[PDB]
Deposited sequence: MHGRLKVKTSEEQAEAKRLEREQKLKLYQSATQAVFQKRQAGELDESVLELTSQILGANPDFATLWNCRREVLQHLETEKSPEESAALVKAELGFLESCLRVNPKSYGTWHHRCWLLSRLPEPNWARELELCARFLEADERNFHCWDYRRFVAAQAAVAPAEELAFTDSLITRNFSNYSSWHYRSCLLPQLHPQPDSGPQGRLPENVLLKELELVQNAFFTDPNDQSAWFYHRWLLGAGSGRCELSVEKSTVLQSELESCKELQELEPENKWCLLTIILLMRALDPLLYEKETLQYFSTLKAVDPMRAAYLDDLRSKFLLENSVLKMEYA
């Protein structure tokens, strides 16, 4: 108690004094290496202290004016190591990741392949770190990496383990890029439906696949236009979800998906079953009862409009 709790009033005084000294130096116009020394001591533990990242940038901008290409190149490499060490301690600080982007954005011949590996590494540590995924999209653009390559990266990440919301999200942005119009092609859609279906039949409790599948369900051309292949694939998904329902009667995602599939197939033909599935799902997921009633009301309106369009 007395050792550790007391220790931080000593740590506070160091941060207190180092911070004082940084502002002293800064008001003096002393844009030198001593500020880099002092800020390294504070930013390691406290990377959300934005003003100190600004001081580092001011120092580096100044020093690059009065140092050689070699000395400036050496400062940049020291800055990359500092940044990596900071990210190891706190991989979720906005300030640290932005400083890295700022840094890499102003280099003449930056090494983007290396940066893509830093990303793959942090993403092994935490596959959901959105700062890292954001940095990866930044690096992919800067290095003009093709969508196909990033698509190959997501697949590998899909199958090695769970925690895939971030990787499915990235796929949802990449797929439209591989077929860029001013709505996926059915062939692409069918392949995606097969991949996602594998995922949620493998791990039926992970919501990310089910969310993505709901999107794919709307991403096509309409039920009036169902190919025999798409019709058959959706009917097969329906039967496979009913199978899953037998094994996992309290799995809410498969029940919701059954309703969505019946909609995608034939709203009026499956009207009776849709209504039955709504009662079951509401009993299984009572917190979503209000949502489920509103969705049901929506679907009934849709059905009424279909029935009135009758000849």
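Student: Walk along the deposited sequence from position 1 and note every stretch that has no C-alpha coordinates.
Tutor: Comparing the full sequence with the modelled residues, the uncovered ranges come out as 1-13, 196-201.
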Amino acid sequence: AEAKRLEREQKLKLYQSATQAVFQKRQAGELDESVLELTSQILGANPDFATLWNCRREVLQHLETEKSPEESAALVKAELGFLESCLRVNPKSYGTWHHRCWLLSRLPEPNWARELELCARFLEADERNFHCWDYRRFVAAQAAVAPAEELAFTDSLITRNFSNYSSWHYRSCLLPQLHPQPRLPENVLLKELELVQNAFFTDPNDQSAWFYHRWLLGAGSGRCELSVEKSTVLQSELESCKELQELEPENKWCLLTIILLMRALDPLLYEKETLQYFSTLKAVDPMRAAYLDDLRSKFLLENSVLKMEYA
From here on, numbers count along this sequence of modelled residues.
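Here the rigid core means the biggest group of C-alpha atoms that line up within 1.5 Å when the two forms are laid on top of each other.
Student: With the rigid core held as the alignment frame, decide whether 91-99 or 108-116 lies farther from the shown form in 9 other deposited structures of this protein, in terms of RMS C-alpha distance.
Tutor: When 91-99 and 108-116 are compared in 9 other deposited structures of this protein, the bigger C-alpha shift is seen for 108-116.
Student: Given a rigid core fit, name the stretch, 5-13 or 284-292, whose C-alphas are on average farther from the form shown here in 9 other deposited structures of this protein.
Tutor: So, of the two stretches, the farther one in 9 other deposited structures of this protein is 5-13.
Student: Using the B-factors recorded in the PDB entry, average over the C-alpha atoms of 296-304 and of 17-25, then report which stretch comes out higher.
Tutor: The entry gives the higher C-alpha B-factor average to 17-25.
Student: Looking at the deposited entry, does 38-46 or 61-69 carry the larger mean Cα B-factor?
Tutor: Of 61-69 and 38-46, the stretch with the higher C-alpha B-factor average is 61-69.
Student: Would you mind finding, among 124, 79, 155, 194, the residue with the largest C-alpha temperature factor in the entry?
Tutor: Answer for 124, 79, 155, 194: 155, with the highest C-alpha B-factor.
Student: Sort 118, 188, 107, 199 by C-alpha B-factor from the entry and give me just the highest.
Tutor: Comparing C-alpha B-factors across 118, 188, 107, 199, the maximum falls on 107.
Student: Quick one: classify residue 135 as lowest, middle or highest third of the chain based on its Cα B-factor.
Tutor: For residue 135, the deposited C-alpha B-factor lands in the lowest third.
Student: Quick check on the deposited entry: does the C-alpha B-factor of residue 51 sit in the lowest, middle or highest third of its chain?
Tutor: For residue 51, the deposited C-alpha B-factor lands in the lowest third.
Student: Going by the CA temperature factor in the PDB record, which third of the chain does residue 179 belong to: lowest, middle or highest?
Tutor: Top third by C-alpha B-factor.
Student: Residue 276: which third of its chain by C-alpha temperature factor?
Tutor: For residue 276, whose C-alpha B-factor we compare with every modelled residue in the chain, the answer is the middle third.
Student: Just say lowest, middle or highest third for the CA B-factor of residue 290 relative to the other modelled residues in its chain.
Tutor: For residue 290, whose C-alpha B-factor we compare with every modelled residue in the chain, the answer is the lowest third.
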